[PDB]
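Below is one structure, written out as C-alpha cells; the observations come after it.
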Amino acid sequence: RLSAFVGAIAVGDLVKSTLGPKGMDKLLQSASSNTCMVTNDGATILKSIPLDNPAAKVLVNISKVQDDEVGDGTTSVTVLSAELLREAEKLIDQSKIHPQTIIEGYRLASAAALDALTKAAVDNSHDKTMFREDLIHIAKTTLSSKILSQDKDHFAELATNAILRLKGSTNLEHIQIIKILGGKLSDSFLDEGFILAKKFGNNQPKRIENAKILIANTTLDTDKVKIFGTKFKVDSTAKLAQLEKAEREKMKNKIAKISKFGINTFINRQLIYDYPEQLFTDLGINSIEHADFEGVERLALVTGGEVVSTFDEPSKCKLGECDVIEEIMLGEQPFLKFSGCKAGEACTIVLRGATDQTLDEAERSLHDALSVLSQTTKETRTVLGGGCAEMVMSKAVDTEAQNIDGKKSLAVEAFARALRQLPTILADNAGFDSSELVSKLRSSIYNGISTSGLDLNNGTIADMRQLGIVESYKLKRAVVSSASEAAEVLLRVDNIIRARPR
Amino acid sequence: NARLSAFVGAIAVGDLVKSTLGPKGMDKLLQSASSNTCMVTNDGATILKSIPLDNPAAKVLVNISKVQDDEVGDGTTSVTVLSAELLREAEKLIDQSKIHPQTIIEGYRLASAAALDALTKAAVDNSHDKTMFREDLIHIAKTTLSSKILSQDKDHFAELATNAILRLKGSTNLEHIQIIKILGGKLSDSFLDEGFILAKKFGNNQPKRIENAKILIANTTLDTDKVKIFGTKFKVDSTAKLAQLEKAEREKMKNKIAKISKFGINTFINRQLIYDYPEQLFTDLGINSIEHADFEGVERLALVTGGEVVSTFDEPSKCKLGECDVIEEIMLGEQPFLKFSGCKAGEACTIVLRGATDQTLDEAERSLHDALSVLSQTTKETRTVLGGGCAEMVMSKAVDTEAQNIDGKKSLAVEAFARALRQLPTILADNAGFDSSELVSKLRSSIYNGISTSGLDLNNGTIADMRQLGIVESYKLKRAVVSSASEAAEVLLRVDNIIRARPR
Amino acid sequence: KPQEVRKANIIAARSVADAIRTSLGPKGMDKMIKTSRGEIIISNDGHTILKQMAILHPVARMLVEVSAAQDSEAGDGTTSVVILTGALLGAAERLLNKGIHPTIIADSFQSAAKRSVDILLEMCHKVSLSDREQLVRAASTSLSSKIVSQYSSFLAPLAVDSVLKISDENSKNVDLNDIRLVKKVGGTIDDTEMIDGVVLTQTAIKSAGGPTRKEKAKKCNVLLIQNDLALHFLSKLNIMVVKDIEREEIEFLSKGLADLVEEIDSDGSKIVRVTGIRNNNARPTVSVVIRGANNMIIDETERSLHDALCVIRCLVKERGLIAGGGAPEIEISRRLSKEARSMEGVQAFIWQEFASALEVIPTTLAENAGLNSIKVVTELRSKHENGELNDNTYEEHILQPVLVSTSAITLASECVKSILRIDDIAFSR
Amino acid sequence: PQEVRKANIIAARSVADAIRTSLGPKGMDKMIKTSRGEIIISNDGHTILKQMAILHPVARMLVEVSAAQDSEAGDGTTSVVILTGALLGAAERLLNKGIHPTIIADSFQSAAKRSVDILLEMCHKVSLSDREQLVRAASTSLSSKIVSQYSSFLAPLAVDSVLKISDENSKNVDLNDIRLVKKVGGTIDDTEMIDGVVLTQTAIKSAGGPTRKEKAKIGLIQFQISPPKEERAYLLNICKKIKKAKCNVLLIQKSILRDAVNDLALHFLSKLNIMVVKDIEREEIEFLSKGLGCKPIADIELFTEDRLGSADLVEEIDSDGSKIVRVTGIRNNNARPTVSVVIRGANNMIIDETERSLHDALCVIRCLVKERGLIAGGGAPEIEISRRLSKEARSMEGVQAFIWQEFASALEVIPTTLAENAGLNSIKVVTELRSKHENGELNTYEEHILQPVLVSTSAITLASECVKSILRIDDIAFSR
C-alpha cells in the first residue's frame, strides 16, 4: 500500500510544481549529462525517466488516454490523482473503510460536481443570431468530396436543426439513421417520430391513443431454439404435446405481471406465439418486434424508460408513454411515426437514396458533419477559473456529505479536501500564501457570491467576470473523468505484481 | 526538539492514561525496580505522578492536573485526555505553518466561548419543586449560625438569606450582594433591599431625585492638580502666575467635559473631587457628579447595570453604559445614604445589619459569607446535562458555526478545535470495544441540523436516545474540564523552547 | 505497537500454564526447581511451584494471586485453574487477528461464567448438611492420596463433627483459619481429643508453686504473657500463669475466645484444655489436635486433613456435589456449542471458542494418566450423550465438590480479564 | 526543495567568484589543464567556461549566456557572469526570510526593464551620420591589442562597412556575412574592401590556367572533375554542359574523397578561359549562397543559368605569399552588399590576433545600430542605477520593496572588482565615485574610454533571465 500511495506521490511531485504558467520546472539528466533539457511538459518528464516502481506504470497509461481527447490538462490529471492517494493514508489507519465504498463515494461526489459546474458555466454563444447563422456555413464546408455537395442549403439545414433542438447530450446515440432504397436524396426530411423499418401486428389497428411503453427482453415463444440432440420418451404421440401445452399455462404468470401495469404497448426482441398474442388482443396490448440494440436503449431515453429485462417487484418500475402512435406507408414499406412523446428530445434523419453506395457515403459523411457542429457545444464554452470552479465543487460535495451513512462519511469528506488542493498548489507557484487565499475563498462562497475567485496578480479575491479569466468546461470534465477512473483501480490494489519487461 | 518534547513526548505520556478513560477503559501496570512493590489501578492521576518522567515538558502537565484535584477533584483523567487531543490537532497546525502558536491560542478563546453558550441552552437542572429545596435551605442556614452571635434569632436571619439566593437568577458570586453596616442599632431591625446603597451623599444643591440616570466610569482629578510642586524650578515674575498655570492645565479638560454631554448621560462618576467651575457647568448641561465611588463599589455597580469600567476616553460615542430609573437620597442612622433603583435587568440585593459596636459588625459579615457559600454551592451541584456524547457533539457543531465568519489564518485554528472535540467519542468507542469510525460518522450526521436527541449507547453498540435511558452528566464537570484543558494547552504552546531539566 | 506488547505477555503466560499442565493429577510430571539459596524442593502441587518460582514477569504473577485465592476459597484446583486460564489466552490469540477488541472478549467471559454455573447446577445433585453419611465418605476419599490409609477411617468423623457444630444455617463463608491443627511429638493417629472450647500451643509452668489447674477461671485466675519471683507471688493468690505465648497465636486467640481449666497429658504433651466458653459474640472455635511419633507423620497428616476441611467448606457455602475427572466439562461444551446459534454478532463466535477451552482440563487428565489423548476425549462425548453423570467415577468414589468447579471458572474469568486489559507497562518508582 | 537550489547556488557562486578575478586586463588569469595535456592561459570568460567541462547542470547555463553575450553585444562575457553570481549571492538571505522564488524571479525581470530607461535618460544621444564618434569608438577599442599606429587606418574601414549594411530599421545584422580571410604575407597597411565577395583560398597554380577572367558567372557546384570511378571523352561532356550556360567560374567543394580537377580537363578549360577555384570549405558553402544569391548544385542536370551569379572582373592579385582572388560587381539586387575584409601580415601571430581584434571592433559599432548612444565604463553605469533605486525603493510595498534595495547592492560588485584588479582599495575608490556624484554624472571622457550601451543593457537582461531559470528547477533526477 505504501508503493501504491506514497510511491505514487513522488511520481506526482514532478508534475506538481510544474502546473500553471508560473509553475516551476524540472531537470532531466542522463549519464553523459550533455543531452539534458529544461521543460515544463509533464508527459515528457514521466516518459523519459525510467520508473523502477512497478506501481508507477499504471499512471503511464492514464496520461495516454487523456492525451487522446485533448492535449491540454495532462499535468492536472496526475496532480489531482496524487491528492486523492495522499489522503488515502488517513483512510486506512484512523478510518478503516473499505476501498470500494470510498470509490462509490467519489461517484456520488462527481455527480454533484458536474451538475454544480453546469449551472455556473458561461459561454460565448450570446447573441445567437450571429452564432446560429454561422452553423450552417460550417457544415457546407465539410461537404467537399462528399456526394451531399449537390445541394448545400437543404442538406446542411437538416444537420443544423439536428443539434440545437437536442437540448442535451450531443452524442450520436440520440440521432437515428435509417437507410432505405427507391428514392432521391432531395426528398429527405427531419422527423422526430422514431421511424423504423419493421411493422407489428396483423389485424390490429394502426393508430394508438395514450400509449404506455414498457421495455423488456424475454423469449415467450419456443425457447431452446435448437432441438437437435434431444430425446423424447413418451407412451403415445398425444402425450408428447402435453409438455408444450403445459408451457402455455405457465405463460399466464408472465402475462399477469404485464397486465397489472396497465400498458397497451409491449417491446420484444424475439417473436411471440399466437396464444400469448391472442390474449393481448382482449387486453389491447400491441407488441413491437426487431428492436435491435440502439432501438432498445434509444426508446428508453426519449420515453423515459428502463433497459432492465426482469421484474424485481410488481407495480414498481420505470414506465414510458406517448400520446399517439401513427403508422404510415412510404416507398412501398410501412413506417412507424410516433407522436406526443413526453419530454422527448431526439431527432431522426431519414436518408432516402437511389442505391446502396449512396447510403453508406451519406451516413459516414453525416457523422463527420455533425461531429463538427456537436464540437461547438464543448468548445468555446468556459467556466470561471482562478480557484472559483475548484471551490464551487467543494460546496456540492459538502451537500452530499450532510446526509450519508457511516462508511462513506469520511470518504466523501476527504474528496472535498482534494478539490481545494488545486488552488493551493497554484498559489504556491505564484509566490503568495496559499493557506490565506484558499481559506478566505471558502467563507465567501459559502454564503452567496458564487462568482468570486482568486486573483494571482493582486493576491486577493476579485470578481472573475470583471477580470475575464476563464477556463474551458470540457477540460474540467476530462480531468475529473480521468481521475475517477485512475483512482478506481489504484485504491482497489491490495498487492503489486511487477510487469514483465518487453 | 523543543515542541517535539511538548507534543510527541506529551502524547506518549498522554496515551498512557488515554485508554483508561471510562469504566470500560483499559488498565496499566506500574512496575518498580524490585518489581515486588508494584500495583494495578485505574487512576489516571496516580499513573502520571508515580512514573518518573525525565522530560521537562511532561513535568508541567503534572502540576496542571493538581489544580483540578484541589478545586473540584472529579474528572481529573478526562482533563489530561482532552488536553492530549488538543496537542494532536495543534501539532498538525504548526508543522504545516511554522507560525507562533499564540495566534492559534487566540482562536481557542473564541471557540471556547461558543462551546459554553451551546451547553447553557440545552442544560437541565434538578431545581424543580423548589418547595422542597427551600425548606432544606433555611434549615442548613440555621446550622451555620451556631457559635456565632447571629444565633440570637434564627428565623429572621435565615429568611433574609433565603430571599438573597433563589431570587438572584444568575451568578452566585458575592459581588451581587451589598453589605451595609451601621452603628447604634439592633440586629433584629435588619431588612432586605434590592438596591445598590452608598453613603456620603454627593453634592450640596444637587437634587435628591434623578429620573433615567446613566452610569459612566472614569478616573480624573478636576480639583487641586499638581499634588507635589516641591523640587520643580519656578521662574515667575509674579506670584499670581503660579495659579494661572493650574488653570491652563484644567482648561484643556473642557474637551473631555464636552464629551460627557455628547454621551447622552445625565450623571458622571469620579473618584476624586471636582473644582467649582467644572462642577457649575454640570448644572447647565444636566450632569450629576457622584463622589466616593472607591473601587469595589465601582466593579459591583458595572456588573449589575451591565456597564464597563475604564480610566481613559478612547473615542466619543463608543462605550458600554448602564442605567437606573430612580435614585433616591435619604438619611438613616444619622448618616447620609444613597439609593439606586430601576436598573435594567438588575439582579442584586443588599442586607443592612445594625450592630452595637465594631466587633459585632466584622463577625456578622464574615459569618454571612461562609453561610451563603455553602448554600450557593448547591446551585452548581446536582445540576446535570444530557450526556452520552450528545453534549460533546453539540460543542462540535457550535464551533462549526464560528467557522463561517473567520479570518484567513484563524480558520484552521478554530476548525482544528472542533476535531479534538470529536475525539472523545473516538476514544470511548475504542476503549469499549466498538468501531469509532462507524459510530462517530452516524452521530455527527444526525446532530448536524436539528431535532437530535441521539447519543452514544454502549449496551447495544449503536446510536440510541440517551433521554429515554436516563444517561446524564454533571454540568459543573463540563465547564471544569473545558476550562482546565484550555489553560493546559496554553501553557505548552506559549513555551517556544524547553531546556532539558536536570536529571536526578 | 500497543497490542504487540500485550501479545508478548500472553506467550510468556502460556509457557507457564504449559509447565503446570504436566503436573496436573497424582500421575502428573514433577518439576525440579533450584532456589538461589541452594534449597532443592520438588512436588506436584501447583501452589508450591508458583510460590517458589520467583516469577519476574508482571502479568505472569497474576496466576500466583489466583492460586492463593483458589486455596483460600475452594481449597482445591490450584493446578487446574492455571490450565483453564491459559486456555482462554490461547483462544484469544486468533481473536486478535480478526480485529476483535479485548473488551468484548473480557465482557463475554462474564456472561459465559455465569451461564456455566447455572448449567452445572442443573446436573448437580443438591445435598444437605443434615446427612452425616455423605460427609464421612466424602472426606475419606481425599485421604486416599496419602500414606495413611487404614488409620484414616477414624479421621473422617473428626473433621465432619467439627464443621457441623459451627455450620448452623446460611453461614456463607466459613473461615478455616479458626480451625488449628495441633502438631505434637508422641502419641498415635487413633488418639485424638476434640476439645471444642479451644486448644493452645504451649505447655504450663514446670516450676514449683504453679497450680496448673483451676476451676471457674477467666479476679484474674489465668493470665497470658507474650520472673521467678512473680510466680511465687501469684502462687499464694491461686492465680495460674501461662507464659511463652507464641506471637502468631495472639491474633488467633483474640477471635475464638471458662468452666473448668485442667492439664491433661496423654504422653509427654502437658497441654491445657478449656471447655464451655459460652460466649455470645464469640462462636465455638474448635482446634484439632494431631498426635504422632515420627515427624513425617504429623506433617503429611496436616496437609491431608487441611484439604479435607476445604472439601467440606465447599459443601457448606454451596450445596451439591458432582463427579470429578472432567465429566461435567464435556456436557457443558456440548450445550454451549448448540446454544451459540442463539446469539448474534461477534459475541456469538466467542461461545464456540469458550466451549473448546473447557475441554483442556479433561484432556490433560487423560494425557498424564498414560491413556491416549484424543481417543479418551472422543469416548467422553459419546457416553455422556445417553447417560447423565453416570461416567464410572461414582463406583470409584471420586467426588469433586461443585464450588471448586464454580470457583475455577469464576477466578479464571477475572484472571484472563486482568491480563488483556493491560495494553502497556512502564517503569514506575 | 531548498536543499537542491541552495546546493546549485553555492556551486554557481564559486564559479562566478572564480571568473570575477579575471575581470579586466589586469585581472587574475585562470589555468585549465586538459586530460590530454593541453594547458590554455587567457582572461576570456567564454573560453574558460567552455574548456572547464563543468559537471554541474545549472552551472553549464553560463556558457549559453556567455555565447549570447558575445553574439549580441560582443563584450562583457566576464561581467555578465559576475552579475549572475551577484544575484545568486544576495538570494541566499532571501530564502531565509521565507520569500518564494516567484517574487524573486518576477522582480528581476521588472527591474531589468526599468533599468534600461534609466540608462537611456543618462546616455548621450548620438547619430550614425556623424563619423567623428564612429572612428574614435573603434580606434580606442584597439588600444588593448598589439596594433597601435595601424589601428587608426583600420578604423574608417570598419565604419564604412557597417553603415552600408546597417540601413535604419534593419536592427540586428547577421555577422556571418562578414568573413575575415587571413593569409601569410603582405602587411596591415594594404587593405581591400572588395564588397562583392572574398574566398578563403587561392586559384589553380598549374600550367594552362588563365587565373583571370572578365565578365564571368559564379555559382555553387557540388560536382567534381574525376576520371571514371576514353577519359577525355567523359570529361568533354562535363565541360560542354557548362558552356551551354556560359559559366566561366567553377567552385568545387573541398572533399578528401576524390580529387578536384583532372589535369586533362585543364587543357580543355584553357581554350574557353574558364577559371576554376578549388578547396572550398564547407563553412563557405552557406556564405557564398547568401552574398552571391546562388544555390548549391549537386548534379549536372540541376545546373542552370538562372542560378548563376555575375562578376564584372575576376583576377588574381599579385602579392607575396598571398595571391588573393577578388570579385567585384556581383550585380545582385536581392542580395545585400556585405563586406569581406582580407587580413595580411608576415607573421602568423599577426593575422590571428588581428582577426579577433576586428570582431570586437565591429560589434561595438553594431551596438549603435540597434540602440544609439554610449555610456562610459569603469563602474559609471552600475553605480548610476543604484543612485536612482535608493529613493525608488521607498515607494514600493510588500516583499518586492526589499528586493529593490538588494538589487542595487549587487550592482556594486562590478565597480568593486574593477578597483581590486587595479591594485587600488576596493571601498575607498567606490566612495570617491559616489561623493562627486552630487555634481558630476558621467565623469573617463578625457582618457578616451568609451563603451556601448548594448553591453550594459544585455548584461542585465541576460543575467535576469539566467538567475530566473536557476530557481525554477527545484529537483534533479536521472533520466535515460
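Chains: A, B, ... in order of the C-alpha cells. Residues: from 1 per chain. Ligands: from 1, in order shown.
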Legend entry - All residues 9 Å or closer to segment 202-218 of chain C, only C-alpha atoms, same chain fewer than 4 positions away omitted, as a list in words: residues 222, 223, 228, 231, 232, 234, 235, 236, 238, 239, 240, 241, 242, 243, 244, 245, 246, 258, 259, 260, 261, 262, 263, 269, 270, 271 and 272 of chain C
Would you output that residue set with N, CA and C atoms, as a short mmCIF file (atom, residue, chain, number, x, y, z; two decimals), in the first residue's frame?
```cif
data_model
loop_
_atom_site.label_atom_id
_atom_site.label_comp_id
_atom_site.auth_asym_id
_atom_site.auth_seq_id
_atom_site.Cartn_x
_atom_site.Cartn_y
_atom_site.Cartn_z
N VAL C 222 -6.42 -16.94 85.46
CA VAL C 222 -5.43 -17.36 84.47
C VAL C 222 -5.09 -16.17 83.60
N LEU C 223 -3.79 -15.95 83.38
CA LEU C 223 -3.31 -14.86 82.55
C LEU C 223 -2.32 -15.40 81.52
N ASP C 228 11.03 -15.37 88.19
CA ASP C 228 10.74 -16.46 89.10
C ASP C 228 10.07 -15.97 90.38
N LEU C 231 6.20 -15.66 89.94
CA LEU C 231 5.44 -16.90 90.02
C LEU C 231 5.13 -17.27 91.47
N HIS C 232 6.06 -16.99 92.38
CA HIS C 232 5.83 -17.28 93.79
C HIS C 232 4.84 -16.30 94.41
N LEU C 234 2.16 -14.85 92.81
CA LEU C 234 0.83 -15.24 92.37
C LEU C 234 0.45 -16.65 92.80
N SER C 235 1.41 -17.45 93.28
CA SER C 235 1.08 -18.79 93.76
C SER C 235 0.26 -18.74 95.04
N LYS C 236 0.53 -17.76 95.91
CA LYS C 236 -0.25 -17.62 97.13
C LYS C 236 -1.66 -17.13 96.83
N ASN C 238 -3.42 -18.04 94.27
CA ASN C 238 -4.10 -19.07 93.49
C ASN C 238 -4.44 -18.56 92.09
N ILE C 239 -3.43 -18.02 91.41
CA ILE C 239 -3.57 -17.48 90.06
C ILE C 239 -2.65 -18.27 89.14
N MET C 240 -3.25 -18.96 88.17
CA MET C 240 -2.48 -19.75 87.22
C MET C 240 -1.81 -18.83 86.20
N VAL C 241 -0.56 -19.15 85.86
CA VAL C 241 0.24 -18.35 84.94
C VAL C 241 0.70 -19.24 83.80
N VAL C 242 0.50 -18.77 82.57
CA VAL C 242 0.98 -19.45 81.37
C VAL C 242 1.78 -18.43 80.56
N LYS C 243 3.08 -18.65 80.45
CA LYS C 243 3.99 -17.75 79.75
C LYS C 243 4.41 -18.35 78.41
N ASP C 244 5.28 -17.62 77.71
CA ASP C 244 5.87 -18.07 76.45
C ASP C 244 4.80 -18.33 75.39
N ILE C 245 3.85 -17.40 75.28
CA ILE C 245 2.79 -17.50 74.28
C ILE C 245 3.34 -17.02 72.94
N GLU C 246 3.14 -17.84 71.90
CA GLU C 246 3.65 -17.51 70.58
C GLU C 246 2.97 -16.27 70.03
N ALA C 258 -14.41 -19.57 81.41
CA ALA C 258 -14.06 -20.99 81.36
C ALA C 258 -14.64 -21.68 82.58
N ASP C 259 -15.36 -22.78 82.35
CA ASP C 259 -15.96 -23.53 83.46
C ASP C 259 -14.91 -24.35 84.20
N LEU C 260 -14.05 -25.05 83.46
CA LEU C 260 -13.00 -25.87 84.05
C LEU C 260 -11.74 -25.75 83.22
N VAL C 261 -10.61 -25.58 83.90
CA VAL C 261 -9.30 -25.47 83.27
C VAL C 261 -8.39 -26.50 83.91
N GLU C 262 -7.95 -27.49 83.13
CA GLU C 262 -7.10 -28.55 83.63
C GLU C 262 -6.05 -28.90 82.58
N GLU C 263 -5.00 -29.59 83.02
CA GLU C 263 -3.90 -30.00 82.17
C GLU C 263 -3.90 -31.52 82.08
N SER C 269 2.83 -34.59 76.40
CA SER C 269 2.32 -33.36 75.79
C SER C 269 2.27 -32.22 76.80
N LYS C 270 1.68 -32.46 77.97
CA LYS C 270 1.48 -31.45 79.01
C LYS C 270 0.75 -30.24 78.44
N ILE C 271 -0.50 -30.47 78.04
CA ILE C 271 -1.32 -29.47 77.37
C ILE C 271 -2.53 -29.17 78.24
N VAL C 272 -2.97 -27.91 78.21
CA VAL C 272 -4.11 -27.45 78.99
C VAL C 272 -5.31 -27.28 78.06
#
```
Legend entry - Test item, strand (DSSP E or B) assignment across segment 153-402 of chain C, answer as a VMD selection string: chain C and resid 181 to 186 198 to 199 214 to 215 222 to 224 240 to 242 260 to 264 271 to 275 288 to 292 321 to 322 400 to 401
Inset, instruction - Provide as number ranges by chain the residues of chain A at most 7 Å from chain D, counting only C-alpha atoms. - result: A: 24-30, 48-50, 429-431
Restrict the distance test to only C-alpha atoms, flag each residue of chain B within 7 Å of chain A, and return the flagged residues as a short mmCIF file (atom, residue, chain, number, x, y, z; two decimals) with C-alpha atoms, in the first residue's frame.
```
data_model
loop_
_atom_site.label_atom_id
_atom_site.label_comp_id
_atom_site.auth_asym_id
_atom_site.auth_seq_id
_atom_site.Cartn_x
_atom_site.Cartn_y
_atom_site.Cartn_z
CA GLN B 404 -18.43 30.65 8.91
CA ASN B 405 -17.15 34.14 9.75
CA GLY B 408 -7.86 33.59 6.82
CA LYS B 409 -5.18 32.23 9.15
CA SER B 411 -9.84 29.27 10.25
CA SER B 437 -15.36 5.40 12.65
CA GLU B 438 -18.84 3.89 12.28
CA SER B 441 -19.84 9.23 11.48
CA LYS B 442 -23.51 8.43 12.09
CA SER B 445 -24.79 13.46 10.60
#
```
Inset, instruction - Check every residue of chain C for an atom within 9 Å of chain B, counting only C-alpha atoms, and provide those that qualify as a VMD selection string. - result: chain C and resid 56 to 59 100 to 105 418 420 to 429
Dump N, CA and C atoms for the selected residues as a PDB file, in the first residue's frame?
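Saved file selection.pdb follows:
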```
ATOM      1  N   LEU C  56       9.492 -13.092  37.620  1.00  0.00           N
ATOM      2  CA  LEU C  56       9.736 -11.668  37.446  1.00  0.00           C
ATOM      3  C   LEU C  56       8.818 -11.029  36.412  1.00  0.00           C
ATOM      4  N   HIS C  57       8.032 -11.822  35.695  1.00  0.00           N
ATOM      5  CA  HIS C  57       7.132 -11.279  34.686  1.00  0.00           C
ATOM      6  C   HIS C  57       5.914 -10.660  35.365  1.00  0.00           C
ATOM      7  N   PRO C  58       5.554  -9.416  35.033  1.00  0.00           N
ATOM      8  CA  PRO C  58       4.467  -8.757  35.777  1.00  0.00           C
ATOM      9  C   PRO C  58       3.108  -9.405  35.578  1.00  0.00           C
ATOM     10  N   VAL C  59       2.784  -9.829  34.357  1.00  0.00           N
ATOM     11  CA  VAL C  59       1.468 -10.407  34.100  1.00  0.00           C
ATOM     12  C   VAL C  59       1.400 -11.844  34.601  1.00  0.00           C
ATOM     13  N   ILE C 100     -10.732  -8.112  16.858  1.00  0.00           N
ATOM     14  CA  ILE C 100     -11.653  -8.092  17.988  1.00  0.00           C
ATOM     15  C   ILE C 100     -10.965  -7.417  19.164  1.00  0.00           C
ATOM     16  N   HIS C 101     -11.638  -6.438  19.759  1.00  0.00           N
ATOM     17  CA  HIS C 101     -11.080  -5.720  20.895  1.00  0.00           C
ATOM     18  C   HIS C 101     -11.253  -6.549  22.166  1.00  0.00           C
ATOM     19  N   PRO C 102     -10.253  -6.565  23.052  1.00  0.00           N
ATOM     20  CA  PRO C 102     -10.337  -7.433  24.239  1.00  0.00           C
ATOM     21  C   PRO C 102     -11.479  -7.098  25.186  1.00  0.00           C
ATOM     22  N   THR C 103     -12.089  -5.915  25.074  1.00  0.00           N
ATOM     23  CA  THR C 103     -13.217  -5.584  25.941  1.00  0.00           C
ATOM     24  C   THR C 103     -14.385  -6.534  25.708  1.00  0.00           C
ATOM     25  N   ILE C 104     -14.725  -6.784  24.440  1.00  0.00           N
ATOM     26  CA  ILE C 104     -15.768  -7.758  24.133  1.00  0.00           C
ATOM     27  C   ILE C 104     -15.340  -9.150  24.578  1.00  0.00           C
ATOM     28  N   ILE C 105     -14.049  -9.459  24.440  1.00  0.00           N
ATOM     29  CA  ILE C 105     -13.539 -10.755  24.878  1.00  0.00           C
ATOM     30  C   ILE C 105     -13.666 -10.894  26.389  1.00  0.00           C
ATOM     31  N   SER C 418      -7.949  -9.423  33.729  1.00  0.00           N
ATOM     32  CA  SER C 418      -6.874  -8.549  34.184  1.00  0.00           C
ATOM     33  C   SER C 418      -5.650  -8.617  33.280  1.00  0.00           C
ATOM     34  N   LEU C 420      -5.688  -9.172  29.573  1.00  0.00           N
ATOM     35  CA  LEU C 420      -5.940  -8.458  28.326  1.00  0.00           C
ATOM     36  C   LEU C 420      -6.179  -6.967  28.534  1.00  0.00           C
ATOM     37  N   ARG C 421      -6.547  -6.543  29.744  1.00  0.00           N
ATOM     38  CA  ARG C 421      -6.776  -5.127  30.000  1.00  0.00           C
ATOM     39  C   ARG C 421      -5.488  -4.323  30.130  1.00  0.00           C
ATOM     40  N   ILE C 422      -4.330  -4.974  30.169  1.00  0.00           N
ATOM     41  CA  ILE C 422      -3.050  -4.279  30.257  1.00  0.00           C
ATOM     42  C   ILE C 422      -2.512  -4.115  28.839  1.00  0.00           C
ATOM     43  N   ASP C 423      -2.489  -2.876  28.351  1.00  0.00           N
ATOM     44  CA  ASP C 423      -2.035  -2.580  26.999  1.00  0.00           C
ATOM     45  C   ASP C 423      -0.583  -2.128  26.930  1.00  0.00           C
ATOM     46  N   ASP C 424       0.084  -1.959  28.071  1.00  0.00           N
ATOM     47  CA  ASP C 424       1.453  -1.456  28.124  1.00  0.00           C
ATOM     48  C   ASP C 424       1.892  -1.436  29.582  1.00  0.00           C
ATOM     49  N   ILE C 425       3.204  -1.351  29.784  1.00  0.00           N
ATOM     50  CA  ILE C 425       3.790  -1.245  31.115  1.00  0.00           C
ATOM     51  C   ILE C 425       5.060  -0.412  31.011  1.00  0.00           C
ATOM     52  N   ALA C 426       5.321   0.392  32.041  1.00  0.00           N
ATOM     53  CA  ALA C 426       6.487   1.261  32.068  1.00  0.00           C
ATOM     54  C   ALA C 426       7.079   1.271  33.470  1.00  0.00           C
ATOM     55  N   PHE C 427       8.306   1.777  33.569  1.00  0.00           N
ATOM     56  CA  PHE C 427       8.982   1.865  34.856  1.00  0.00           C
ATOM     57  C   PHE C 427       8.342   2.951  35.712  1.00  0.00           C
ATOM     58  N   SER C 428       7.936   2.582  36.926  1.00  0.00           N
ATOM     59  CA  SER C 428       7.278   3.499  37.849  1.00  0.00           C
ATOM     60  C   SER C 428       7.925   3.371  39.218  1.00  0.00           C
ATOM     61  N   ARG C 429       8.507   4.463  39.703  1.00  0.00           N
ATOM     62  CA  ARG C 429       9.136   4.480  41.018  1.00  0.00           C
ATOM     63  C   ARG C 429       9.210   5.902  41.564  1.00  0.00           C
TER      64      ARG C 429
END
```
Contact check, chain B to chain D, at most 12 Å, counting only C-alpha atoms, closest pairs as a Markdown table:
```
| residue | atom | partner | partner_atom | distance |
| --- | --- | --- | --- | --- |
| B:97 | CA | D:98 | CA | 11.7 |
| B:98 | CA | D:98 | CA | 10.9 |
| B:99 | CA | D:98 | CA | 11.6 |
```
Legend entry - Polymer residues at most 12 Å from residue 248 of chain C, only C-alpha atoms, same-chain spacing of 3 or more positions, as a PyMOL selection string: chain C and resi 180+200-201+226+244-245+251-254
What would the file look like if the residues just selected were written as a PDB file, in the first residue's frame with N, CA and C atoms?
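Generated file (again03.pdb):
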```
ATOM      1  N   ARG C 180      -7.387 -24.892  63.996  1.00  0.00           N
ATOM      2  CA  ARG C 180      -5.942 -25.059  64.050  1.00  0.00           C
ATOM      3  C   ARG C 180      -5.600 -26.533  64.220  1.00  0.00           C
ATOM      4  N   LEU C 200      -4.472 -24.593  73.105  1.00  0.00           N
ATOM      5  CA  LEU C 200      -3.309 -23.730  72.983  1.00  0.00           C
ATOM      6  C   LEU C 200      -2.141 -24.489  72.352  1.00  0.00           C
ATOM      7  N   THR C 201      -1.065 -23.754  72.078  1.00  0.00           N
ATOM      8  CA  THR C 201       0.151 -24.321  71.513  1.00  0.00           C
ATOM      9  C   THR C 201       1.245 -24.561  72.546  1.00  0.00           C
ATOM     10  N   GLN C 226       3.045 -12.648  76.565  1.00  0.00           N
ATOM     11  CA  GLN C 226       3.626 -12.775  75.236  1.00  0.00           C
ATOM     12  C   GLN C 226       5.099 -13.152  75.331  1.00  0.00           C
ATOM     13  N   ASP C 244       5.279 -17.622  77.712  1.00  0.00           N
ATOM     14  CA  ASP C 244       5.868 -18.066  76.448  1.00  0.00           C
ATOM     15  C   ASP C 244       4.796 -18.326  75.390  1.00  0.00           C
ATOM     16  N   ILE C 245       3.852 -17.396  75.282  1.00  0.00           N
ATOM     17  CA  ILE C 245       2.795 -17.496  74.282  1.00  0.00           C
ATOM     18  C   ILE C 245       3.335 -17.022  72.939  1.00  0.00           C
ATOM     19  N   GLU C 251      -3.221 -13.212  67.478  1.00  0.00           N
ATOM     20  CA  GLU C 251      -4.388 -12.869  66.673  1.00  0.00           C
ATOM     21  C   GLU C 251      -5.396 -14.011  66.635  1.00  0.00           C
ATOM     22  N   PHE C 252      -4.926 -15.254  66.761  1.00  0.00           N
ATOM     23  CA  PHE C 252      -5.830 -16.399  66.735  1.00  0.00           C
ATOM     24  C   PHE C 252      -6.705 -16.439  67.983  1.00  0.00           C
ATOM     25  N   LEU C 253      -6.105 -16.224  69.156  1.00  0.00           N
ATOM     26  CA  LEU C 253      -6.861 -16.279  70.401  1.00  0.00           C
ATOM     27  C   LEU C 253      -7.792 -15.087  70.573  1.00  0.00           C
ATOM     28  N   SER C 254      -7.522 -13.971  69.894  1.00  0.00           N
ATOM     29  CA  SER C 254      -8.385 -12.801  70.001  1.00  0.00           C
ATOM     30  C   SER C 254      -9.718 -12.982  69.287  1.00  0.00           C
TER      31      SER C 254
END
```
Inset, instruction - Step one, run DSSP on the backbone; step two, keep only residues of segment 396-479 of chain D assigned to alpha helix (DSSP H); then write them as a PyMOL selection string. - result: chain D and resi 400-410+413-421+426-435+453-470
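Distances to residue 136 of chain B were evaluated for B:261, B:378, B:63, B:255 using only C-alpha atoms, and the minimum falls at B:378.
Across the model, the gap from atom CA of residue 356 of chain C to atom CA of residue 333 of chain C is 6.7 Å.
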